[PDB]
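J.: Protein chains in written order, with PDB author numbering: chain UJ, 1348 to 1365, 1369 to 1388, 1390 to 1410, 1418 to 1429, 1434 to 1448, 1450 to 1465, 1470 to 1487, 1492 to 1557, 1566 to 1769; chain CG, 5 to 125; chain DY, 2 to 68; chain DJ, 133 to 186; chain CH, 57 to 83, 115 to 375, 394 to 572; chain CD, 370 to 415. Heads up, the beta-carbon is just placed ideally off N, CA and C, and yes, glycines get one too. Structure in structure tokens, see below.
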Amino acid sequence: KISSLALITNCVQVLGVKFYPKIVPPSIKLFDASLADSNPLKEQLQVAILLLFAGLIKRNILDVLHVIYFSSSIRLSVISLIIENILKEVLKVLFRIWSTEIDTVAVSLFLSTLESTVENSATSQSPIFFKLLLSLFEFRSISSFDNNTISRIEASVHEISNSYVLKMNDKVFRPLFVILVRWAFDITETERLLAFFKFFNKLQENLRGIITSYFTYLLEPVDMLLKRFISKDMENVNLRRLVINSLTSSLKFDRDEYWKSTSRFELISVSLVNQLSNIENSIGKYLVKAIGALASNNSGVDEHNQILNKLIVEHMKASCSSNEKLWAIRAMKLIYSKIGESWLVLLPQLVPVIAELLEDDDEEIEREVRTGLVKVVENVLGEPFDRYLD
Amino acid sequence: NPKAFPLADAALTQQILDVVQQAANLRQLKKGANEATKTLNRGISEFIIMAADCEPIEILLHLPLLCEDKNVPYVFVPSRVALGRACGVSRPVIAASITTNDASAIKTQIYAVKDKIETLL
Amino acid sequence: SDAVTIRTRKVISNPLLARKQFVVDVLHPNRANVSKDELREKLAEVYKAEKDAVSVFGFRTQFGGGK
Amino acid sequence: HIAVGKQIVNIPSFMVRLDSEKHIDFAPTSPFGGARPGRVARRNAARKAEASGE
Amino acid sequence: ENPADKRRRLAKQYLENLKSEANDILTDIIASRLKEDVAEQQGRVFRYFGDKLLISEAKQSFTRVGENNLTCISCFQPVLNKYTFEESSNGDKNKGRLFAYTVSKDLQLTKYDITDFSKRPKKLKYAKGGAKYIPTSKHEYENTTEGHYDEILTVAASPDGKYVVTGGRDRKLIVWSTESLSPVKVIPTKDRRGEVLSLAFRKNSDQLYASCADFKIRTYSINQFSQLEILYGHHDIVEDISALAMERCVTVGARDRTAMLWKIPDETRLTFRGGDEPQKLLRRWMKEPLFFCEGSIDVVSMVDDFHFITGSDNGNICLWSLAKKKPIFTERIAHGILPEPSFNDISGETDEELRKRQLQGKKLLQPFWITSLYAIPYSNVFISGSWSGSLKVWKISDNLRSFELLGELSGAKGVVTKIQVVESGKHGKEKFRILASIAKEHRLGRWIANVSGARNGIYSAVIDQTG
Amino acid sequence: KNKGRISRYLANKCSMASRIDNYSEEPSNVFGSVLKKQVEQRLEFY
RNA sequence: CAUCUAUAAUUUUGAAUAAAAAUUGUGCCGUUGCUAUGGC
């Protein structure tokens, strides 16, 4: 044992001062020694394996990093040494060693290697990276871990994916975006939608508005999912949050009049107002922000405003549910506060609705209608509302 | 203690400690036995307040010699802890000296209390 | 650092003109001269009347400021 | 700079009373007993900040 | 589904509980209980347990602490609202967990759990200052270092159970959260000599009256983290402050010997002076010993919205009414005279009779100093404390013209810095813990260090009532 | 520096000793001894 | 603050280690016993 350790450190010294057909056979022998070991003498043996690795990488890399993984602070430091010395080949190493991987300390080492790689072209590195992303989501599907642990892992893989796509140029991962959508819509697949929409929202916020054609690719299956929501097949509160939040970000970031298109406009408006029908009391502020963004986008087109107001008064019809009524009321309040000028013509389509709502007995809705809607509309009109409301 | 001959009664102590507190706020006051002795040798002391329960009494009984040698009024108050609280320092002071200044806001009270002490002597 | 503090004195309920008349003391340290609009909103919140009912006038800042 | 109680006085012929005489102090608006330094001090500080920036 | 119906449901459950407790008491009454639970709001003393207490078996327990020189204690006690009906505390994981907060000259703030009236105060959490919080400018308004850097001196816990605010000689005033002891906000007093001496929350509200040592009294608001107002009028340091549910706070300033009552919204004050005289007392007793002059008024507590008690430094405990300027009932040297110094130590001379002649008999006697004084609010008892090693419980009469010593508690030993009482149990059966922060030195200065057996700690004494 | 500290300390305690020995008729080795013990505790503190 | 997790408690399996369900009084020294108290 001690003779073997002395052999290892002697090779360390002589190669540090320093052949390849006499350099890779001790690498193979070191692999054999590591797998034979895998007790404090064994620990210092593992340390000596890692130091000889450090010397050789200073001056079969997949299996080297395999031993580096499965063999603490020494490991992190030698990881940094790897990445400062040595990258497309390294990315292939990452993917193959990840398929080898699927524990916790190895996972942490893997994530540290990943973040160091992305902080250290990218078009060539892309498809292996995205296959790694999909494989990590499959790990989220099948891991024998705890929820907070896999969520730590998912936060890390999300932020590294944001960094990598931010580094990447936008025109070239467009078909990779299409195949990502195809993987997301083609695991219970709710988790697929969950991770993909976290990724998508973060991308939308980062790139800020050149995701319009990508949502043009996206608009049909997300409409199918919204119809699934309003038919109440799925129930995922957070997934619905993510869909509506992505839709808000796209609407508020579209500065190219892309949502002035009639077909896409009517699709998204019908789906959003029926989502207001099947809404849940937590995500209501999200949905009124969504409808306000849609209205502020289509502010110029009167027929769009007309069909918007028709859908909203249809869903705040007085014979309905309390939550749907109140969320439609909040949406109308937000719209009249924001735009307020392309809507006075639409206003006389709404006073009977206000009258029935005021006559309603649920005093939460009554107080909301009175204070919110009547004060914001009275402020828009200037002079009061008690000539419409007799 | 007969060696602490002029010892103030209650109302006289109250007046003396109020004047000490105002003089400390204006900073016309020198605190401590050595600092009071230095003020007396300098001849800039208005008058002298001493403690009575100092442990022992001689370490400030050295002061009446200089006090009437330069003809300065002096008085004894009972509690050195009361004297320290009135001086406004965190430690019990056994001997304080009101100095002389006539560009001072408390000249009238100083002269009143000094006159009353002198009458007690 | 700054919080406008409104207090009222001499609150006379005058039911002949259907009103409550008082004297408003405003404290605004590290600030100057709170608006009549802001005072009317805050007095409406205090007295549970409407901002269209509340009226204020005749304010005078003191020397030095703060009130 | 000098207030008597709560009121900033700037009349050098004010004829204080006894209670007021105990109440005289620096004013909370002033740079001396309170808030932010004067224009000379903070202009010098801005100058030194810009000079350290260059 | 309607808020009016929810309030009615909570009121109906409350009435069920009242009828059940009336039945268990029976094993008029409900009307009197409702009138009581309202009558907290009026400003008259009603809580009349002045004779049901059993002091002679009040179980005492000293707890020694680690740091030196506890300076103040303030204990948060959750109650029930009568307007809404949830609770006083914020979280649901508390459910009425009696907490205590202690601040100590070692710059340490510590929260204890005191929920159980038999076991010892268990140290839950703590936060310590140090010298790394020293301001880098040292000459400016900005003093907002997140810790304390010199001599924290007073604590107070907010009634909503979210915040606890500490202030000391470093001329800051920091509001800390109650869970992690994390400092959420720090307000400088913005004055060179503005050291914060004593805080007092207005009861069941968030307004905080922070009696500073620059002759002014600042009042804040903690839910908005703002300074509302500054009150002027004391001629010496505003030493102690006390407030109740109304918009008044009574403050005693020391060397001026003056108790001033601040009506805040009327922006007015009332001045109460003492003024007993040794010649008048001597002639009156000849018409019938020692008479110590009044040096300074140290501590105050408002017993009720028309009456308050001031414990001076010369043994006096006075009870004042708002109508009469003079004290309506004085009480003479209340913790006894101090022990006489030793003859050898006071003379330093071999002659024994000369040493006794130094000691002089009576003329060098000084009374004990009432260091702390706490009147449990709207009630008819109050607890006084000195370094006599004995808390003294007193009881006011029914006509509120006098008070009598109800009992003594001898478990304490040292300078009683701060007394704080906590009640618990059912409305008829109420146990009363009495925590007292005891230290070897005074809170303000040193002035005394030789107290035989004085240890830094919390003196917890539980009393029960049977009557 | 600590030489100067000890010099000033001993000078002050010497002054207090001279006070009590002049103004006490039959002076006390006990006060002398406790003052010496105080100075010795400081010199041990060095 | 809620949720989740962690320590600590039961349940079941195994004599037990082991396995997981599933659930929910001091900074320093001193006297002193089954807590009380000295001094710095």
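Beta-carbon of residue 313(CH) versus every beta-carbon of chain DY: anything under 7 Å?
T.: For the purposes of this step, residue 313(CH) is identified with residue 226 of the fifth sequence, where counting begins at 1. Yes, residue 313(CH) lies at the interface with chain DY (some Cβ there is under 7 Å from its Cβ).
J.: Label residue 336(CH) either buried or exposed according to how many other C-beta atoms from any shown protein chain fall within 10 Å of its C-beta, with 16 as the threshold for buried.
T.: Walking along the fifth sequence from the start, residue 336(CH) turns up at place 249. Flag for residue 336(CH) reads buried.
J.: In the DSSP output, what is residue 115(DJ) paired with across the bridge?
T.: Chain DJ is shown only over 133 to 186; residue 115(DJ) falls outside these bounds and no answer can be derived.
J.: Mind checking residue 1333(UJ): buried by the 16 CB within 10 Å criterion, or exposed?
T.: In the structure as shown, chain UJ begins at 1348 and stops at 1769. Residue 1333(UJ) is therefore absent and cannot be evaluated.
J.: Could you check the C-alpha separation between residue 115(CH) and residue 75(CH) for me, to the nearest Å?
T.: Residue numbering aside, residue 115(CH) sits at position 28 when the fifth sequence is read from its first letter. Residue numbering aside, residue 75(CH) sits at position 19 when the fifth sequence is read from its first letter. Looking at the two C-alpha atoms, the distance is approximately 11 Å.
J.: Counting only beta-carbon separations shorter than 7 Å, does residue 41(DY) have a partner in chain CH?
T.: Residue numbering aside, residue 41(DY) sits at position 40 when the third sequence is read from its first letter. It does not: the Cβ of residue 41(DY) has no partner Cβ on chain CH nearer than 7 Å.
J.: When Cβ atoms are compared, which residues of the region 341–368 of chain CH fall closer than 7 Å to chain CD?
T.: Taking 7 Å as the Cβ-Cβ cut-off against chain CD, none of the residues of the region 341–368 of chain CH qualify.
J.: What three-state label does DSSP hand residue 562(CH) in the structure shown?
T.: Here residue 562(CH) refers to the residue found at position 457 of the fifth sequence. Three-state result, residue 562(CH): strand.
J.: Tell me which residue opens and which closes the alpha helix (DSSP H) that residue 1602(UJ) is part of.
T.: Position 223 of the first sequence, counted from the start, is the residue given in the question as residue 1602(UJ). Residue range 1591–1609 is occupied by the alpha helix (DSSP H) that includes residue 1602(UJ).
J.: Just to confirm, are residue 568(CH) and residue 140(CH) a CB contact at a threshold of 7 Å?
T.: Within the fifth sequence, numbered from 1, the residue matching residue 568(CH) stands at position 463. Within the fifth sequence, numbered from 1, the residue matching residue 140(CH) stands at position 53. In this structure, residue 140(CH) lies closer than 7 Å to residue 568(CH) by Cβ.
J.: At what residue ranges does the region 464–532 of chain CH contain a whole run of the beta strand (DSSP E), taking only runs of 3 or more?
T.: 477–480, 486–490, 496–501, 508–514, 520–530
J.: Looking at the C-beta of residue 454(CH), does it have a partner C-beta in chain CD at a distance below 7 Å?
T.: Locating residue 454(CH) in the fifth sequence gives position 349, counting from the first residue. It does; some Cβ of chain CD falls within 7 Å.
J.: My parser needs the beta strand (DSSP E) runs of 3 or more residues fully inside the region 227–300 of chain CH; what are they?
T.: 239–244, 250–255, 259–264, 270–275, 283–288, 294–299
J.: Taking 8 Å as the cut-off, does the region 400–410 of chain CH touch the region 468–478 of chain CH (at least 3 CB pairs, one atom from each stretch)?
T.: yes
J.: What separation, rounded to the nearest whole angstrom, lies between the Cα atoms of residue 1486(UJ) and residue 1425(UJ)?
T.: Here residue 1486(UJ) corresponds to residue number 119 of the first sequence, with the count starting at 1. Here residue 1425(UJ) corresponds to residue number 67 of the first sequence, with the count starting at 1. Between residue 1486(UJ) and residue 1425(UJ), the C-alpha separation is close to 24 Å.
J.: In the DSSP assignment, what are the bridge partners of residue 327(CH)?
T.: One-based indexing of the fifth sequence puts residue 327(CH) at position 240. Under DSSP, the beta-bridge partners assigned to residue 327(CH) are 339(CH).
J.: Considering Cα atoms alone, identify which of 1499(UJ), 1494(UJ), 1660(UJ), 1428(UJ) is closest to residue 1471(UJ).
T.: Here the question's residue 1471(UJ) lines up with position 104 in the first sequence. Comparing alpha-carbon positions, the option among 1499(UJ), 1494(UJ), 1660(UJ), 1428(UJ) lying closest to residue 1471(UJ) turns out to be 1428(UJ).
J.: Helix, strand or coil, according to DSSP, for residue 316(CH) in the structure here?
T.: Stepping through the fifth sequence from its first residue, residue 316(CH) is reached at position 229. In the structure shown, residue 316(CH) sits in a strand (DSSP, three-state: E or B).
J.: Where does the unbroken beta strand (DSSP E) through residue 407(CH) begin, and where does it stop?
T.: Counting from one through the fifth sequence, the residue named residue 407(CH) turns up at place 302. Element bounds for residue 407(CH): 402–409.
J.: In whole angstroms, what separates the C-alpha of residue 19(CG) from that of residue 168(CH)?
T.: Counting from one through the second sequence, the residue named residue 19(CG) turns up at place 15. Counting from one through the fifth sequence, the residue named residue 168(CH) turns up at place 81. Each residue's alpha carbon lies about 51 Å from the other.
J.: Name the residues in the region 393–414 of chain CD whose C-beta lies less than 8 Å from a C-beta of chain CH; which are they?
T.: 393, 394, 395, 396, 397, 399, 400
J.: What residues of chain DY sit near residue 316(CH), judged by a beta carbon separation below 9 Å?
T.: Taking the fifth sequence and counting its residues from 1, the one referred to as residue 316(CH) is at position 229. What residue 316(CH) touches in chain DY: 6, 28, 30.
J.: Between the alpha carbons of residue 197(CH) and residue 304(CH), how many angstroms are there, rounded?
T.: Translated into the one-based positions of the fifth sequence, residue 197(CH) becomes position 110. Translated into the one-based positions of the fifth sequence, residue 304(CH) becomes position 217. About 26 Å.
J.: Looking at the structure shown, is residue 1749(UJ) part of a helix, part of a strand, or coil, going by DSSP?
T.: The residue you call residue 1749(UJ) lines up with position 370 of the first sequence. Note: residue 1749(UJ) maps to helix in three-state DSSP.
J.: Across which residues does DSSP place residue 1427(UJ) in a beta bridge pair?
T.: Counting from one through the first sequence, the residue named residue 1427(UJ) turns up at place 69. Residue 1427(UJ) is not bridged to any residue.
J.: Would residue 183(DJ) count as contacting chain CH if we go by Cβ distances under 7 Å?
T.: Locating residue 183(DJ) in the fourth sequence gives position 51, counting from the first residue. Answer no: the Cβ-Cβ gap between residue 183(DJ) and chain CH never drops below 7 Å.
J.: Thinking C-beta only, is residue 104(CG) closer than 7 Å to residue 48(CG)?
T.: The count along the second sequence starts at 1 and reaches residue 48(CG) at position 44. The count along the second sequence starts at 1 and reaches residue 104(CG) at position 100. For the pair residue 48(CG) and residue 104(CG), the CB atoms are nearer than the 7 Å cut-off.
J.: Decide if residue 1496(UJ) is buried, meaning its Cβ has at least 16 other Cβ atoms within 10 Å, or exposed.
T.: Reading the first sequence from its first residue, position 125 is the one you call residue 1496(UJ). So residue 1496(UJ) counts as buried.
J.: Could you list which residues in chain CG have their beta carbon closer than 7 Å to that of residue 389(CD), in chain order?
T.: Here the question's residue 389(CD) lines up with position 20 in the sixth sequence. 60, 62, 63, listed in chain order.
J.: Check this for me: beta carbons of residue 1717(UJ) and residue 1671(UJ), under 7 Å apart or not?
T.: As a position in the first sequence, residue 1717(UJ) is number 338, starting the count at 1. As a position in the first sequence, residue 1671(UJ) is number 292, starting the count at 1. Closer than 7 Å, so yes.
J.: Need the endpoints of the alpha helix (DSSP H) that residue 411(CD) sits in, please.
T.: Against the sixth sequence, residue 411(CD) aligns to sequence position 42. Taken as a continuous stretch (DSSP letters only), the alpha helix (DSSP H) holding residue 411(CD) covers 398–414.
J.: For a cutoff of 7 Å on Cβ pairs, would you count residue 59(DY) as touching chain DJ?
T.: Walking along the third sequence from the start, residue 59(DY) turns up at place 58. No, no contact with chain DJ.
J.: In angstroms, rounded to a whole number, what distance separates the CA positions of residue 298(CH) and residue 232(CH)?
T.: Taking the first residue of the fifth sequence as position 1, residue 298(CH) is located at position 211. Taking the first residue of the fifth sequence as position 1, residue 232(CH) is located at position 145. Between residue 298(CH) and residue 232(CH), the C-alpha separation is close to 21 Å.
J.: Relative to the alpha-carbon of residue 245(CH), which residue among 279(CH), 488(CH), 288(CH), 208(CH) has its alpha-carbon at the smallest distance?
T.: Counting from one through the fifth sequence, the residue named residue 245(CH) turns up at place 158. Residue 288(CH) is the option with its Cα nearest to residue 245(CH).
J.: Determine whether the Cβ of residue 324(CH) lies closer than 7 Å to any Cβ atom of chain CG.
T.: Position 237 of the fifth sequence holds residue 324(CH). Chain CG contact via Cβ: absent.
J.: Short of 7 Å in beta carbon distance, which residues of its chain neighbour residue 1501(UJ), apart from the five on each side in sequence? Order them along the chain.
T.: In the first sequence, counting from the first residue as 1, residue 1501(UJ) sits at position 130. Only 1547, 1551 meet the Cβ criterion.
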